[PDB]
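S.K.: let me see the structure of the following:
(4 chains)
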Amino acid sequence: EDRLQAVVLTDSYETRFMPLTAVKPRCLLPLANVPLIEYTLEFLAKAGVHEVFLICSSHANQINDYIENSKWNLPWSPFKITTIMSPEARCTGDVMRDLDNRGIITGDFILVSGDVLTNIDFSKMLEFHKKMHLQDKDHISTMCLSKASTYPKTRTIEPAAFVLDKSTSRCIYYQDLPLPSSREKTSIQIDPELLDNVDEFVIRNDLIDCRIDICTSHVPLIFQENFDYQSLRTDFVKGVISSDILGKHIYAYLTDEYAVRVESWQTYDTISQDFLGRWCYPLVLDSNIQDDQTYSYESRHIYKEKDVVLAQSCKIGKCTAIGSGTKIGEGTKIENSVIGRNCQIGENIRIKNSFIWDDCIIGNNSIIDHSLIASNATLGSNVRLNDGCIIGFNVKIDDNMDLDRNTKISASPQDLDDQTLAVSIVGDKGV
Amino acid sequence: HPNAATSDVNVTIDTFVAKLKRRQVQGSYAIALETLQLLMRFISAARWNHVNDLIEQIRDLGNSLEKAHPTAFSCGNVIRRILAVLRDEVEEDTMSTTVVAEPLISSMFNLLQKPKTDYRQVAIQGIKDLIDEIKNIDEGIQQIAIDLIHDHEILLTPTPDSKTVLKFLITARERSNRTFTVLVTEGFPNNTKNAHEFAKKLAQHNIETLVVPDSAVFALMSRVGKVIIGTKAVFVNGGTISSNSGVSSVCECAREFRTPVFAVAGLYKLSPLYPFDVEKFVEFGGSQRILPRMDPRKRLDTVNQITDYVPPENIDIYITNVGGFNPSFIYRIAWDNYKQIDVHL
Amino acid sequence: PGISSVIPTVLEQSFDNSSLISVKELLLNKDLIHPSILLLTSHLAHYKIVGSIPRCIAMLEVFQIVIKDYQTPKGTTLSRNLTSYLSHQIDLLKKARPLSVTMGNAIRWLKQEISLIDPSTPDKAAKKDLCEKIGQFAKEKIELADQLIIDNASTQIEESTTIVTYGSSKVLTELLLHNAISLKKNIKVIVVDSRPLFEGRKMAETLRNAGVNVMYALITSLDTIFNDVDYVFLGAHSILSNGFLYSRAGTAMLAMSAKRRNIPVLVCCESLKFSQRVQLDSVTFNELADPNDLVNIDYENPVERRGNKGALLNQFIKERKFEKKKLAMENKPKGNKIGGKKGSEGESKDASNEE
Amino acid sequence: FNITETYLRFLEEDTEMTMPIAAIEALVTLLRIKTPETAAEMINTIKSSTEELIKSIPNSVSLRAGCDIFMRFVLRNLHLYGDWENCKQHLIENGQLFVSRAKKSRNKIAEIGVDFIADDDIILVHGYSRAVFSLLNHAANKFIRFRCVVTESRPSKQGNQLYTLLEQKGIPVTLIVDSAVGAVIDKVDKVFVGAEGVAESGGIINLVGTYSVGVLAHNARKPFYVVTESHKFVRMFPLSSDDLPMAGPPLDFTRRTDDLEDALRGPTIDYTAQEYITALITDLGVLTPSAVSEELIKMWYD
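M.R.: Numbers count the residues shown, from 1 in each chain, chains lettered A, B, ... in the order given. Next comes the structure:
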């Protein structure tokens, strides 16, 4: 039961985040003023991992240096990190064949695509994986699933409909649909080869993807055998079910508690608001995992670290978090918004539902509403922003600037409007 | 001081740090036991030869341990307890190496008058005595506590979570001469499961069990004889942090009805720290357990807290292994076990 | 005739003042009872929304239906078997759920109206004017009176204020809706709830549907939410001749905390809500309900778990009893809003003599 | 013709013509000129003049209360559907008769409210009302033994004004500060107060420190008194401890200053709840608790 090795799929969902991932890697980005990898690594430590693998190619040097600085290079750590260096941008199937050629996989291994934060204890998962593996010999991989946020009427990016067994919890079908975003298609066709073997068919769209896998030694051998499979969910799972090798089984695990994989910007925004709320009971800012963290919980869901500086007669809102070494001026409203470490803030600034990362200076008399700001970027005076307006790295927005809905700004000095240099396309400037 | 020196020799530091942060370790009694075994491993393994360098290193280790987990007061107290046991024997040792030292009593006033051995063995035995003290508290409680409660008296109980209080209640029910009715507040968001196990163990022993919703506390306060608290941590001013939910209001309800308030605790549970603000000391819960569905949770900003605080204005007795003390005296019991310097680690 | 005696759970050593039993699932009854009564009794047996005020409105409407369906027999006159039929209704209502005070004043009004009209006038001309009068009575004593409470409260509440509430009172829901929409203020509304029923949850849900800044809380978590609050509104059920506030569950606890933490308590009421009956503690006459609602680990309402609790009858003394209708102490509330505008709680019986 | 100007003419007068009774007499004079035969022309212009009076008010409450009673009496006149002329003549005459009733009421109270002050009792008096001081003077006329303690109230310095008016009578006195007023409640038999208004709830509308007096007396169990003339009742219900009609500051916090100019600002009028009053005295009998509300219900018929 002991000795567990894990593989982390990084360099996987890049450019899915449109203005960012230009200079710095995908997983370096902070959720709550702390890197996304740190959440995943904490999940690994709570699970019980002895050996860690990471997949880096694009901006790999910055990843390796961050692991050097990490809390896991030190000898006392329960796991050791070894990085896989591959050619620039390849599918998950290509990496699977590379790892099988190297041959380090022993018994049961772990694979996670994307960075997932969950409060779900993994010890129960391992036991039920092992109990079901002892049921029949030809059994492959395990999939995690959680109950949806009320109804997925706002959730269009993840339209995965799952057909599941009531008795054995085996997946049958995977399907993506545009539906309310693009009213074009309605039809879903299902294979009738598996009707009387299951009988208790349960079709659900009300389940959130996790893309966290417990996998057997069979998996890397199948990837090398069938090199046509590029994906791990859309084509692979469906391919396994639809009589590729007869008598082979794959798991689908239902859990009542919170487990959401990060993929899009507006999903990231919801997860962040869930983290500011007490949705993830163990995963809260006050517990402090990065060790440098000194966050303290205050009533009405207000988070403050040590060395928080604030000007008198200022109103703070609900579900807010502010980093260390941070200064705030007078006449400020902070409502449902995250502000990073070492961030200097001017005066008369109204913030609602917005986002600001580390080391950011904001000019006086500015209103920011439901819009994101990256690290080491400065805002000028008289700046008005709308919903879903993501601002890139080191972007210096000068005095007197108005930007409408969904006005994305590039992080590199290409195709989209507004760049990094002074007066960003309000008068032609930029490399 | 960092854990760079203590890594290959001492590994169990970081496993306790892991047990605190993810809350794998549960109940102050257990946290204390672990820190005892930590300090047991620290003395048995290390090489020092010098005494003052050793003590200040222990102080830094305790400082880092409390910064790692703020609700682990039992962690902080146990270290502070051994620190003072060490400091007395060092001050006794320095008097023999130099060569009235006995004025009257054991006072304070450290602002007035100025100032190889088996010391390590004493440090070893000092840990052993602390364990045995934590092992047996109930014997020291029952001789003071089961003298104050009468026949046909109704007992209302917030915090059914404490192992200490339940066992105190079972020893009194063992006495066939004593009869009492037990009211138990549920403590919905956290205590529920523990409150139900509490009601089961009372029925197991055949004691008149009454399960109370957290709304109905007022609707009974006219009929209540006494109130008992299952506290986690006791403080300088008298006040307590208790094992979660629905205590503060019950104590407020008791004081308005002038109903007596009892508290059952240990000296290791007792803390020399001062609660200047409840805002910092109290830990908050998970709102997931209240309300389902996350799209309404955008607008439903729900508030839930685990630990509950009681101000000293309500409770009257803190029955320990030593005896019963008033909240206006408990500071002395604390200073009898922990020194003034051994606070700000 | 009905089902009587044989009750679930123990008889209980403490608190045995009221009936704890009744018909939930329909088995053996008289075949003359009007189905609208049978619907309301099945509703009130497992009701989540109602709390004093709407119960009487529904009782009035059911009566209006009965009179509209009523055709006078050729032999027996109007005041012959009507009052017996109404007594059968009340007895079936009593079996399902103990009546409110406002329900009693309605019945007393109806019985006065039966005596007022003599059997001499034509039958179709009689009931046509009767239902018109009931409609006017419901207009005056409820709807128009409610609007009067609304505007009385409007002057009382300051601009940009925090309010903590409790229950599912119709008057307060409409109060807060008037504050948010028609007046447009910065109202932070915090709602509290107990365990037997999620009254506050439903109110918060409706406030969310309006789009209000709502915090939702519990009784256990009170000494943290207060340390903010300016006003506390309580859903009235009945104010006695004493001046004591006989209301829902987690009411007095809130009232106590408020009085001690400086900020006052306010209670919205109706001129039909006052009674001449008197009591001084919660033990006196309580609205007890079956522990069946308190068996499950709550979260929602139906979850059906294989949990820790299950046995009540076979267990050697395990009284899991809860109350619903409790009493607030007299001195603690400060304002009362009614048909006669305003008046403090110590002046309780200035409405009963004014009639 | 003006009503605010007529009220402003009373500067060196006062004492006999009580502040509301002079405003009521001013209301009757404004009524009797432009014909009280019409109820559309007159009542609307009376309502406009009261609204103009409220707009000119800085920190007075009783003038609004006195208007209500006038209005009520006017409406009640022709409630018998009587001759539109004898009812009018009785209305105009009830202006000088209203002021004459202030004398008759003071004659009643000063013989009723001397009974409360027993044989040799030390009194701590707070505020200044014409009814309370008239009790104090006509008890000295009755040749009764009583000691007096002066409270240092700070509106327009009222304590010093009270102290000087006690010197003119011949009763031994000493100055007590409102800060130290807690340290006096042991050598004091009874605490007396004169109110600016009495609430619908049964509470009190009073000066710059009266609630503080009420609570301390409730702690020391020593009696707390309110004595007034029966015209200071408004349909007012101050819901909280710090909510009142104001033209000035409801607690203002000022910026950093060096010259020292913006400071004073504090609640000049404060409310106390119904429980703190042990006894209340007016000409309308001897009554305290629910009595005030019953008076208001009787008047307003609502």
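S.K.: make it CA atoms for all contacts and neighbour counts henceforth
M.R.: Fine.
S.K.: OK, contacts around residue B:138?
M.R.: Shown in contact with residue B:138 (Cα atoms under 8 Å, 6 or more residues apart in numbering or on different chains): B:164, B:167, B:168, B:321.
S.K.: tell me which element residue 99 falls in.
M.R.: Just so you know, I chose chain A. Using DSSP states H and E, residue A:99 sits in helix A:92-102.
S.K.: oops, chain D please
M.R.: helix D:96-112.
S.K.: which elements pack onto that helix?
M.R.: Judged by 3 or more Cα pairs under 8 Å, 6 or more residues apart in numbering or on different chains; DSSP states H and E, the packing partners of helix D:96-112 are helix D:19-31, helix D:130-140.
S.K.: ranges for the helices of chain A?
M.R.: Remark: helices assigned in chain A by DSSP state H are A:36-47, A:60-69, A:92-102, A:123-133, A:195-198, A:218-225, A:236-241, A:265-276.
S.K.: make a markdown table out of the ones you listed and add mean neighbour count and distance to residue C:207.
M.R.: Output for the helices of chain A, formatted as a markdown table (neighbours: other Cα atoms under 10 Å in any protein chain shown; distance: least, Cα to Cα, whole Å):
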| stretch | mean neighbour count | distance to residue C:207 |
| --- | --- | --- |
| helix A:36-47 | 19 | 36 |
| helix A:60-69 | 14 | 47 |
| helix A:92-102 | 16 | 48 |
| helix A:123-133 | 14 | 40 |
| helix A:195-198 | 10 | 45 |
| helix A:218-225 | 16 | 52 |
| helix A:236-241 | 18 | 44 |
| helix A:265-276 | 18 | 21 |
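S.K.: the helix holding residue A:99 to helix A:218-225, inter-axis angle?
M.R.: Per axes from the mean of the first three to the mean of the last three Cα atoms, to 10 degrees, the angle that helix A:92-102 makes with helix A:218-225 is 100 degrees.
S.K.: which residues are contacting helix A:92-102?
M.R.: A:12, A:86, A:105, A:220, A:221, A:223, A:224, A:227, A:229, A:230, A:231, A:232.
S.K.: now do 10 Å
M.R.: For helix A:92-102, contacts defined as Cα atoms under 10 Å, 6 or more residues apart in numbering or on different chains pick out A:7, A:9-12, A:55, A:84-87, A:103, A:105, A:113, A:217, A:219-232, A:236.
S.K.: quick check: PyMOL command selecting the buried ones in those.
M.R.: In PyMOL, this line selects whichever of those come out buried by 16 or more other Cα atoms under 10 Å in any protein chain shown:
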select buried, chain A and resi 7+9+10+11+12+55+84+105+113+219+220+223+224+229+230+232+236
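S.K.: now the helix or strand where residue C:128 lies - C-alpha only, PDB.
M.R.: Following DSSP H and E, one finds residue C:128 within helix C:123-138. Output in PDB follows, covering the C-alpha atoms of helix C:123-138 (Å, rounded to 0.1, in the frame of the first residue of the first chain):
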ATOM      1  CA  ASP C 123     -79.700  32.700   0.200                       C
ATOM      2  CA  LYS C 124     -77.800  33.900  -3.000                       C
ATOM      3  CA  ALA C 125     -78.300  37.500  -1.900                       C
ATOM      4  CA  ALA C 126     -76.900  36.600   1.600                       C
ATOM      5  CA  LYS C 127     -73.600  35.000   0.700                       C
ATOM      6  CA  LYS C 128     -72.800  37.600  -2.100                       C
ATOM      7  CA  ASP C 129     -72.700  40.400   0.500                       C
ATOM      8  CA  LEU C 130     -71.000  38.200   3.100                       C
ATOM      9  CA  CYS C 131     -67.900  37.500   1.100                       C
ATOM     10  CA  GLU C 132     -67.700  41.200   0.100                       C
ATOM     11  CA  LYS C 133     -67.600  42.100   3.800                       C
ATOM     12  CA  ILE C 134     -64.900  39.400   4.500                       C
ATOM     13  CA  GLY C 135     -62.900  40.900   1.600                       C
ATOM     14  CA  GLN C 136     -63.200  44.400   3.100                       C
ATOM     15  CA  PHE C 137     -62.300  43.000   6.500                       C
ATOM     16  CA  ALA C 138     -59.200  41.300   5.000                       C
END
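S.K.: which single residue of the stretch 51-200 of chain D ends up nearest chain B?
M.R.: residue D:182 (22.7 Å; Cα to the nearest Cα).
S.K.: got the contact list for that residue?
M.R.: Applying Cα under 10 Å, 6+ apart, the residues near residue D:182 are D:212, D:213, D:215, D:216, D:217, D:219, D:220.
S.K.: what do you get for residue A:190?
M.R.: Contacts of residue A:190 by Cα under 10 Å, 6+ apart are A:163, A:172, A:173, A:174, A:175.
S.K.: how about the residues you listed in CSV, adding distance to residue B:65?
M.R.: Formatted as CSV, those follow (distance: Cα to Cα, whole Å):
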residue, distance to residue B:65
A:163, 49
A:172, 50
A:173, 50
A:174, 49
A:175, 50
